[PDB]
Structures are given as structure tokens and as C-alpha cells.
Amino acid sequence: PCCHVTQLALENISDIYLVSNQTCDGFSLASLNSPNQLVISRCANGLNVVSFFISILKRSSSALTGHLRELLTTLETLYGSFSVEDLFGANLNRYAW
Amino acid sequence: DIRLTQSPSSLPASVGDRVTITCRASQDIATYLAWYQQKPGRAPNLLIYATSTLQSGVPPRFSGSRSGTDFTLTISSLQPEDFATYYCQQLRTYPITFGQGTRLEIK
Amino acid sequence: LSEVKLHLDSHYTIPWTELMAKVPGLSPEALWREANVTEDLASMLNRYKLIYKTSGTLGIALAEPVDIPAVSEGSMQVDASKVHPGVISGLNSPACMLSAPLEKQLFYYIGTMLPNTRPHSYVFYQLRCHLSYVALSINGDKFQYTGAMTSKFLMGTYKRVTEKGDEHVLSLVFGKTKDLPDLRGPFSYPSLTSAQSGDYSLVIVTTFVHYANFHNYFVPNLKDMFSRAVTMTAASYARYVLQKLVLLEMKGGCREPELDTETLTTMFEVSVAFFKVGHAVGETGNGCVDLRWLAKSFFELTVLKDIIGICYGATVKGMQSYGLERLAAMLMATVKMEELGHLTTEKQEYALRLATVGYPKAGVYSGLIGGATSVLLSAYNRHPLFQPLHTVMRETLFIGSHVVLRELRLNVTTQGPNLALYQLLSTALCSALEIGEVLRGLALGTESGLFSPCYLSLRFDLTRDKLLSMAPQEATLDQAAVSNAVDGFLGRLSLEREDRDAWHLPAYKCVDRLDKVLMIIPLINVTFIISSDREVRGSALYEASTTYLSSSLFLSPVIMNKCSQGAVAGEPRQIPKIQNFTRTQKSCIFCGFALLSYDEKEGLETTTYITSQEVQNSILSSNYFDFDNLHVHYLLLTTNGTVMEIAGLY
Amino acid sequence: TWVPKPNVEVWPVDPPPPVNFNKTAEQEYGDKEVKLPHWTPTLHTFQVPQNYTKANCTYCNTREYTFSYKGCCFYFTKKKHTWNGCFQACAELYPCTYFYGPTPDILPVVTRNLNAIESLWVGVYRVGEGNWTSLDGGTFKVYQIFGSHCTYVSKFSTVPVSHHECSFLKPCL
Amino acid sequence: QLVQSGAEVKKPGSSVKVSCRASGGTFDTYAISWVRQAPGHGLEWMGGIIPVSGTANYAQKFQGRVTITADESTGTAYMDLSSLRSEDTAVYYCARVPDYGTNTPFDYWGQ
């Protein structure tokens, strides 16, 4: 379910999905599904989310466990795997951020 | 008064590479620059426009930025499907006024 | 503050409820609000296209030298924060310093590294960590620089403010590729670096308009600067930057700054010079650092700080450890300054570096002038007469002279006789060959022009014509750079500037014409003033038998440094001549005199302070007393206050 | 006589002052762990209207251009101005850089007779706080980003816009 | 948001593809200029100097033409050649002058 245009603190979200470019419509998007019970399925941005997670993991590497270490290594080269200098689809209008 | 002059290009620019064409002449004072591309036998399309301090935004990925005296435009793709004559235009904001020819054959 | 079950394709859970305690200071809530995960992709493409991107990461496969020596002999461990009176014995006891407390002392002040300004908000996150900076401003705050550092990477900023209030910002982050800050969004390091060695990188962060604005006048050589940074050691780097800055200090370089490539580079170097020592200390990793290397590096850093503060108005925060200063003071306090001359060259240089490091401030302790003077006196005693300074002795004197210069640039001082002795010894060491060698070094830019025992000399007669008359006879140098060398020598010897005058010298108020003197000879119990005018107050007056078409070359023997109430009127006396002189003199005679040789037309030629029987033997045995030429006369300025001339030997 | 004399020795010096192994880490250092990077902001000059001001009454008829003493909103080509000497208005009782200040209705009249004077300087400024009120108030509307205290109009321009630079040779009408 | 334009009055020619225009998307800015391009040249301007809205307005730089209607939402710009004579028969385009993402269609011809 690729989202084109749709426009939440960490307290009110408890689930998040990430998909590859091939699985999506050539994009890298995430759906921050809040805790049926799924109140919202807002289409977030995969690039910003993965970058924030990578930065958090790198800053917390002082006390990172083994599972989190391999998670960080997996998110690495997955950011680079996308390598999205540009991507076409979901053309619409916008005003500001 | 203000005129725009581009450098003629005859090389096919191979197939996969970037291009950079300079449009500049005399010294602009209060006129921005706009880019127009037209395939042979088609309506020109507006590319990114540079006001010598900022670049406009078009869905095509054609990054074109100017300098203190000259202007440059990059496409990062020279496929034969993009073998079109590019145009640089002189305009304050709205009224494109002056343009000069070019040649961007791609093969 | 909650737990997120991350899904991707497996499953991951991030326990923020416990990760907060393990890592203090983390702010997951703020970082998300900075990330703005709800942004249209068109906004991503707009923001990402703003930043200037540079391709062609060349200049690879550089050479990495070794800097920190391994632990040697049985040196113990000295905690950088637990310096106690009983630790070690002296200069002959090897010692080592720990690296973790030293790093903690060097990087003590915390602050915000990456600001919230527009260029740095798009690319980087917000950073807060222990740091140090080297900030300076020129052109009435129209140009600013901030060289904030860390034990992992550097970050410069050439924030220039033009009219209308608009600014222009640059960034030259440097450091290991695995320790660089964190990006965000579609940004990646390999599209930003302009150079990369095996394990180092030099990225540049700016917008296209700002990059073009800085490209209007400032063009870099990032490959060259990166190669210099990687290839050189900390001490050698620091010495090279100090030499360049000292050379720029003369010729009116730092009097006013200019907006060109050289100045901004030099700022970046200075930043890299500090960061190299910081990283080298940090890179040890809970090991140990040899004391000699620390002393050398911190002495170079102190001299660099002094020169940048003198000619730039720069401000340095951090990069100083009080434990090392305490250790240096404790080590130097054991030795006696008056016996520093009877030591090995390496030990002398080590002691001088320790003394300079331990007392960075001026006027806290003036007893180091005695040690410097003793070292200079021993070198002069063992130096062959009328010969250019050897490179080893030149570097030893350069190391020593910092304390003397620092005391000289004061306003009131106590070490009067020691300063007078040092200046007299420096005057005796500035002969024709030495001046020619220094001119050649200045023309070629080598180490010869960096320091010489002439800048602190009391010879005020060195004019541009005289210096040009004695250009080096080695292919005439470049035959065009001689003028530049002479101009630099004159700038370094400017009387009005450089704070090189005789305010500290007693019996200086009795001249009344500061520009008409030739040289001042501060002997014991009497000082001689040589000038071409009679308007000088002293105990007596002596007129040399010079030719009419030349300067008078008066001599005024001020006795006991008690200036007279007025100039001695009447006809000046005539110097007596001794017809008989047996050049054997087994007994130690003239031990305290100062023989002077002058030309009838050229003027003053050479001076020799007789300090021991060896100097007298060298004077008598050699061909110094050449009476064949009827244009050279030798004056024996006795310490009794009378001038006696030598006619001829047997 | 030439009595033998002793050698030359350095003058005695005092022992170094004792050092104290009691200063605290905060006392020896900047006494505060938290700091902030040093900023050195500067200041710049402003625009102040002095001397020349609005005249008394009027002696004109209507919007027209003449090279004489008649004409409400028109003047000859100064050919030498940089928005600073333009404010001098070296003319017989010019109430502005022109004879009359710019207006949101007079603009088409001057725009029509603008043959090859594409660039000209309109006598409208600011005081560093917006609210452009040249010589009559009313807060004349002006949209611009590039430019601080200069204004200019062209044939294809209706609302006054700011010139990004002031030193440029801007002829005054 | 969408604008239609294109007209011609004169004695000669056939005027193949004489009515066509389009708009939509990006950011909308007023006025609709008209550009006349002879073969072998880049662009010359007819009376499109001062248009009022998406349906343009009359103007004249160095030539005599005509324009009618003014509306920035639908409008009908049209045009009227001043009794076209020898030469001056070449393709003439039109623009929405929308600045950001300006639209430019293909229309008009000669012979």
C-alpha cells in the first residue's frame, strides 16, 4: 500500500514497517502505524526514519547489545543500497514544511 | 543591452555522462536566467531557472546553477532520447526576453 | 520514551525505557522533531540539491608516519591529575605520562559543536560534546573563524559577514572517516569528500551560492593541505606553521590582514596543528606518552599561541593541562639556572623546553633569563670566532631565546644585568659572516632566517645600505630576492616597533637622541655609548681618530650607570696608543674587557667580549691584528672607564 | 700593570617561587565545564533622510512630461545616481527623486513612457523596520527579498521591488 | 487552472493546428505571453509584453497585434494577426508565465 500524499510523537506510536524499493512502487516509504487498534497508518519517509535510527544507534553504540549491533549493520548498506539520488512517482503539489 | 552567448557544441557527448553549457555575455545587473529545452518539432519546456543567487525547481533532475559572471546547467544524462536544443533566457521575473541558440546532439 | 517494534524485510525492538540510563544526555524526542519524518519527497529533492557536491576524490595512498615513541627503559606512570612533589628526580630520570587523564585535562570544556544555523541544520544533527576552539576575527568582525575541535575530528567555519547583514559560511570537517558526524536525509559522505587517504577524509559542507562567493577570492589546495596533514608529524607540523607565521610577521604581514588564499589556509593549518597533537595524545588509547615528545609538542604549541595572539588577536580555549605544567615546573626547579651551560646539548634543549612549558606566563618567574644567558655564554665560549652559527647551536639558541624575548616585551623588569649580558653576547655574535648567512636564509626561506643572535643584539647601526653592501657571495642568491631579504631584516630590526629598545637598560636616559647611536656596550660597572653626535651625557668623552669624511664615532664611558648632569664640553680627549705588546700573555688578562674593531670609512666592523683565557688566546694567535691595512683600528675598552688603543705588536 | 683578572660569570638569580599542589580543577581552569563557541557580531550603518524634504504646496496641473517648470510627476534623465545622490534631487523643488513620489496608480503612466530607460530608481526607501514610507506615508506595498534600502521599477514591473545593490548606476527620472 | 487559447484572422495561409492550449500543476502566476519564432531563430516576442491573466492581454513592443479576454482560471487568450502579409508566417507559441513550473504549449503554423 504505497502512499502518495498524506499530511506524531514517539509516545503515541508503537509500530513501524520498512520495505525495500522493489517491494514499494519504486520508492522507500515507511508507515508509522500507531497502536482495529491501528488508529493511523501515516506514510512516513524511509530515508529520514532510517537516518534517525542509524544516528541513534551510532550515538548509543557505547552500550549496544549484539542484536542491536547487527541491526545497525543491516540498516547500513541498506541506506546505501537505496542510493536514491532521484526517484519518480507520486506527483502532487506542496506549500511548505 | 544585456546579451546571452552560449558555446556551440558538436560532440555527441557519448551516451552516459553529464553535460555543462555556459551561457554568459557582458555583465547582467537585474535579470534572472531561465532554461528552455525543446526536442526537434516540439514545444519548449521550462527547465530550472537561476536568478544568479538561487535555482528554481522542476520535476526533471536538471541541476543548473550560475556563477558571479557565468551560468551553467547539468543534466547527468546524455541519452539520445534527450538530443534536444537547450535555450538560456533573460527575464526579470515573468517576461523571458532574450535567448541564444545551442546544440546538444546525443548518440 | 516507549518501545518500537521495528519491522523490515525481520523484527527488532528498541527499549528506549532502559537505553536512557545507559547513555546519559541522549534526546530521542528532539532528534525525531529535527528529522521531520513527515516530509514530501519534493522537499527532500529541493533541500538535497541546495548543498554543493564535489566529485573526484583523488590524492589517495598517502604515507602515515610514526609519532608517539614506545615506552622505553623503566619509566613509571605519572597521572595527569595527581602531580605530587615526590614523583621523579630530574632530567636524567626517564618518565612517562598517562593518556586518559591527560586527554580529560586537554578537553575539559563542553559546548555545542554543530550549531543550529541554516547550512548546518540541513545536513548534520545537533551535537554537544567536549571540545576546544581557536577563534579569531579580522576586519572589524567582518570576517570570523571558529576552529572547534574534538579528540576525533576537526571542524572549521569561515563565517564572513558582508554588508546588509548577510553572511557566508563554509565548513572543512577533517578527521577519520569512521568518526565523522552523522548526516540526515538523502545525504552521504562519499558525495561530499574532496580528498581521502587510506583512513582519512576531508569533506566540505556549503551551499552553491556560499561556495561560489568563497570561490570568488579563496581557492583551496585541499589535496596539498591534506597530504601535509597526513604525512607530517605533530612537532614538525607545528614547527612548520610557526616558521611560516614568523616569516609572515615581518614585512608588515600581520599588521593588517588580507582576504586571499594564503591567510585562510594558514588559519586552517593552525587549527590542524592543534588538532594533530590533540588526536595523537588521544589516539594512544590508555597507554603512555614519552615526556620528551610532550615537552617538544607543547613548547611548539605555546610558541604558536604566543605568535597568533601577538599578530592575529586570536583566542584559544582549552588545549592546556595544568598537570603537565606542574610536572615541568617541578622538574626544572631542581636544576640550577647558573649551571645550565655545563650540560649536554640535548639535555640543555630539554631543560629549556621544560622551563618554557612550565611557566607560559610572563613575569611569574624571571630566573630563566639566567639559565638562557649561561647557555648562550657557554655556546659563545665554545664557538669559533667570526664564524656563522652552526645549525644545532642555532636551534638551541632559538629554543632558549623565547624567555628573553618575553621578558624584553614587558614594561618593568628586574633582571637587568642578565639581560645586558645576554644582549652583549648577542652583539658579539653578529659578525659579517653571520649577517650574510641570515640574509641568504631569509632569501631562500630556510631555517637560517627564522632565528639569529642578531635580533636581540644591541647593534643599532645596521641600516639597509650597510646590509646591502654585504650580500652573500653565493651566486648572488637570486639577485632580486636580496631586496626582500634586506626589507625583512629591517622590519625585524625596526626600532620604533617590535619593542626592541633600551628602556630596561640603565643609563639610557642620558642619550637624548635615540636615532644617532651606533651601539651600546654594557660592561660591568660601566656602559659605553657609541654615537656620531656629542649631545650625550656621561662621565667622559672620547673621539676616535677617524677620517674627516665619516662619522665621528664618539665614545662616552658612563661610570656606574650614573648619567651626568650635562654633556662634557671642551675638546674631547684622544685615545692613547700602546706601542709595545708581546702576544703571549700567559696570565689571564683582559678577562672582562671588550675589544672593538672599526674602520676609518666603513665604520664599526666587529666586536669581541673577552670572557675567558680561551677567547684571548684565539684573539691573539689568529690574524685579527692585521696592521698592514691602514684603515682598521682596535680599541680596548677597559672596564676601568678609559679607552686605550693598540698600536702594534712585536 | 695588567693585573690578572677572573673570568666572566653570570649574575646570581633567586630560587624559583614554590608551586602549589592544592588548586582545584575548577579553580585552575575556567571554573565552568559548560561553555559556548565565541561569536563576534558586528554592526552596520543605516539610511537616514536629512536635509531635502517635501516642499510647500504645488504649482502643477496633471501627470505629464515636459523639460520645463511644468509637470506634476515627471523629470529629466539624471544619468548619474546611486540612490544616495539620487536622494539629493538636484532640481527646482523636487518633492522626491522624481517630482512626485511613486503611487499605485501613477505607475502605468511612467511605465508607458519608459522607452530604453528600463532601469530607474524610484524614490522609496525603508528605515530598517519595513513599512516603506518615502515622503508621504501610506506604507506603499513592495515585495522583495534581495535589497535593503533601494527601490526600482521597470516596464514589466508594477509593485516596487528592491534592488539587490545600491552602488549601481541607477538613473533617476 | 486550465486555459484554452488560439485564434487567427488574416487572408493567407491554411494555419494547420490553429487551436490548442493547456495548463495545470506546479505554481500559478498571472499573465500569458505569446512568443513568435521564425525558423532558424530562438525566440522573438510579439505583443505579449503586458498580459493581465491566464487569458493574456493586449501589448505591443515593435509590432501590431491584438489580444482579448483576461482570466487567470479558465479564460480564452486568443489572438488576431493584423492582416498577415508577406513573410512573418511562422510557428507562434504561448506561455502561461507561471514562473515555477511554467507551461508552454505548441500551436499555430504557416502556409
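Quick reminder, even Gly has a Cβ in these numbers, built from the backbone with ideal geometry, and neighbours come from all protein chains shown. Nothing in this text is a laboratory measurement; each read-out follows from the coordinates by a stated rule.
Summing +1 for each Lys or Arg and -1 for each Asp or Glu among the other residues whose beta-carbon sits under 12 angstrom from that of D:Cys96 gives 0. Please compute the net charge surrounding B:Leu78, taking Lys and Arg as +1 and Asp and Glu as -1 over other residues with Cβ under 11 Å from its Cβ. Overall, the nearby charge balance is -2. The simple spin-label model puts a point 7 Å past each Cα toward its Cβ; for C:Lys509 and C:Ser483 those points are separated by 4.5 nm. Amide hydrogen proximity for C:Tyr133: with H placed 1.01 Å from N in the peptide plane, the residues at 5 or more positions away or on another chain lying under 5 Å are C:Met149, C:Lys317.
Would you order E:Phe106, C:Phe143 from fewest to most other beta-carbon atoms within 10 Å of each residue's own beta-carbon? Working shown, then result.
On the way: E:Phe106 17, C:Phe143 22.
Taking fewest neighbouring Cβ atoms as first place, the list is E:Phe106, C:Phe143.
With neighbours defined as other Cβ atoms within 10 Å of a residue's Cβ, the residues C:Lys276, C:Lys178 order from fewest to most as C:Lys178, C:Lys276. With 29 Å as the limit, the listed pairs C:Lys276/C:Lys361; C:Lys361/C:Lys466; D:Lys78/D:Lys155; C:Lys49/E:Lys17; C:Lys22/D:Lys35 have C:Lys361/C:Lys466; C:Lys49/E:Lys17 beyond it between alpha carbons.
Centre-to-centre separation between the Cα atoms of the range C:105-144 and those of the range B:1-58: 39 Å.
How would you classify the range D:72-173 from its alpha-carbon gyration tensor, with a ≥ b ≥ c the square roots of the eigenvalues: rounded for a/c under 1.5, else prolate if a/b is greater than b/c, otherwise oblate? Each step should come with its number before you reach the end.
Working: a/c = 1.22, a/b = 1.19, b/c = 1.03.
Rounded.
Taking GluC sites (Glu not before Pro) across the range E:1-89, the ones in a DSSP loop with at most 15 further Cβ atoms lying within 10 angstrom of their Cβ are E:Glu87.
Listed by Cβ neighbour count within 10 Å, with the fewest neighbours leading, A:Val50, D:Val48 appear as D:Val48, A:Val50.
If you take the Cα centroid of the range E:1-63 and the Cα centroid of the range B:78-98, the two points sit 18 Å apart. Normalising the average separation of contacting C-alpha pairs (under 8 angstrom, six or more residues apart) by the number of residues puts the relative contact order of the range C:321-650 at 12 percent. Residues whose amide H falls under 5 Å from that of D:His81, counting only those 5 or more places apart or on a different chain, are D:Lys170, with hydrogens built in the peptide plane.
Loop sites here are GluC sites (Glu not before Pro) outside DSSP states H, G, I, E and B with no more than 10 other Cβ atoms within 10 Å. The longest part of chain D free of them is D:1-91. Among the trypsin sites (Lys or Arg not before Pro) in the range D:1-50, those located in a DSSP loop and surrounded by at most 10 other Cβ atoms within 10 Å of their own Cβ are D:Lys32.
Just check the range C:1-320 against the gyration tensor rule for me: Cα atoms, a ≥ b ≥ c as the square roots of the eigenvalues, rounded for a/c under 1.5, and otherwise prolate or oblate depending on whether a/b exceeds b/c. Oblate is the answer for the range C:1-320, as a/c is 1.5 or above yet b/c matches or exceeds a/b. Projecting label points 7 angstrom from Cα along Cα→Cβ for C:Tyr548 and D:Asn7 puts them 4.9 nm apart.
What's the longest bit of chain E with no exposed trypsin sites (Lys or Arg not before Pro), using DSSP loop states and at most 15 other Cβ atoms within 10 Å as the test? Between the exposed loop sites, the longest stretch runs E:18-60.
Each label was represented as a point 7 Å from its Cα along the Cα-to-Cβ direction; for C:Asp501 and D:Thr58 these points are 6.9 nm apart.
Charges only on Cβ, +1 for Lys and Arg, -1 for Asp and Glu: so what's the dipole of chain C about the Cα centre, in debye to the nearest 20? Computed about the Cα centre, the dipole is about 1000 debye. With the Cα gyration tensor of the range C:533-649 giving a ≥ b ≥ c as the square roots of its eigenvalues, does the rule (a/c under 1.5 for rounded; else a/b larger than b/c for prolate; else oblate) give rounded, prolate or oblate? Cα axes put the range C:533-649 in the oblate bin. The charge dipole of chain B, taken about the Cα centre with unit charges on the Cβ atoms of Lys, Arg (+1) and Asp, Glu (-1), comes to about 100 debye, rounded to the nearest 20. A helix-only calculation puts the protein assembly as shown at -7000 deg cm²/dmol for mean residue ellipticity at 222 nm, using -39500 (n - 2.57) for each DSSP H run of at least four residues, averaged over all residues.
Applying the criteria of a DSSP loop state and at most 13 other Cβ atoms within 10 Å to the GluC sites (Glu not before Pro) of the range C:534-608 yields C:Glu535, C:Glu602.
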